[PDB]
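> Here is the sequence, then the experimental structure:
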Amino acid sequence: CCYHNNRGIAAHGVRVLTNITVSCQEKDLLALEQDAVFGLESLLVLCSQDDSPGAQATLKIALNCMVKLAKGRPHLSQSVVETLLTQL
Amino acid sequence: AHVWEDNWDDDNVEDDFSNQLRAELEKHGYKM
Amino acid sequence: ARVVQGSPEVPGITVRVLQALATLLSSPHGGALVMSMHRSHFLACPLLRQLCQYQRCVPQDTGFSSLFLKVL
């Protein structure tokens, strides 16, 4: 559901993946971290060029997930910020 | 549903003093 | 640079790191142009390049896509 066509279901899925990443630190989840960060930028390049209030809410949800993901795991964070500059 | 919690500049977070400041300050629209 | 995009699709399938981001930024710009219908004849060339790359070496590309980089 993070790799789904609809924007809102993608936002909910990337929230779920971000929340799994920020939460409990078992080893055999760390690969999802990589998936997580790519998911954000993928969703971002879907919801940047749309200019609709639903897409604006998707921007809100995605950027809140970006902040929380960079907050929980700082070693992803640098990759996080550089991807953001690309869509800037 | 807000990204930045310590944002000074939201849609409507402007107190009264800033409200009359904006009212008398946006009208001129020129800066040197 | 349609031939350059077709060549880098196999390199992107092998190892992309940052080239996949450039490809995604190029494709969604064409998608936004097609939303405005501003003569966006760029997705068909990438689709033909992807079809040719799939027809060249289907199994190695499929294994790299479904094993190494599922996200991209």
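Received the coordinates, thanks. Residues are numbered from 1 along each chain as shown, chains lettered A, B, ... in the order given.
> Please identify the helix or strand for residue C:40.
Per DSSP states H and E: residue C:40 is located in neither a helix nor a strand.
> neighbours around residue A:40, how many?
Residue A:40 has 23 neighbours, counted by other Cβ atoms under 10 Å in any protein chain shown. (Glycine included, C-beta is placed from N, CA and C.)
> ah, wrong one, I meant residue A:4
12.
> Find the nearest non-adjacent residue to it, please.
Closest residue in space to residue A:4, ignoring its immediate chain neighbours: residue A:10 at 5.4 Å, by Cβ to Cβ, 6 or more residues apart in numbering or on different chains.
> which secondary structure element contains the one you found?
helix A:7-22.
> Would you mind finding the longest helix in chain C?
Ranked by residue count, the top helix of chain C under DSSP state H comes out as helix C:19-35.
> Just the buried positions in it, please.
Along helix C:19-35, these residues count as buried under the neighbour rule (16 or more other Cβ atoms under 10 Å in any protein chain shown): C:20, C:21, C:23, C:24, C:28, C:30, C:32, C:33.
> Render the CA-only coordinates of that helix in CSV, please.
Written as CSV, here are the backbone C-alpha positions of helix C:19-35 (Å, rounded to 0.1, in the frame of the first residue of the first chain):
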residue,chain,number,x,y,z
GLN,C,19,20.4,7.8,-11.5
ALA,C,20,17.0,6.4,-10.6
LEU,C,21,16.1,9.7,-8.9
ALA,C,22,17.0,11.6,-12.1
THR,C,23,14.9,9.1,-14.1
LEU,C,24,11.9,9.6,-11.8
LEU,C,25,12.3,13.4,-11.8
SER,C,26,12.4,13.3,-15.7
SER,C,27,9.4,11.0,-16.0
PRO,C,28,7.1,12.9,-13.5
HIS,C,29,8.0,16.2,-15.2
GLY,C,30,6.7,14.7,-18.5
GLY,C,31,3.6,13.4,-16.6
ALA,C,32,2.9,17.0,-15.3
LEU,C,33,3.4,18.3,-18.8
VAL,C,34,1.0,15.7,-20.1
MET,C,35,-1.5,16.8,-17.4
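> Which residues of chain A lie near chain C?
Residues of chain A lying close to chain C (Cβ under 8 Å from any Cβ of the partner chain) are A:34, A:35, A:38, A:39, A:41, A:42, A:45, A:46, A:48, A:49, A:83, A:86.
> ok, now with 6 Å
A:35, A:38, A:45, A:49 (Cβ under 6 Å from any Cβ of the partner chain).
> Give me the three-state assignment for the residue positioned nearest the centre of chain B.
In chain B, the C-alpha nearest the mean C-alpha coordinate belongs to residue B:14, at 5.6 Å (Cα atoms, centre = their mean). At residue B:14 the chain is in coil, as set by DSSP: H, G, I helix; E, B strand; the rest coil.
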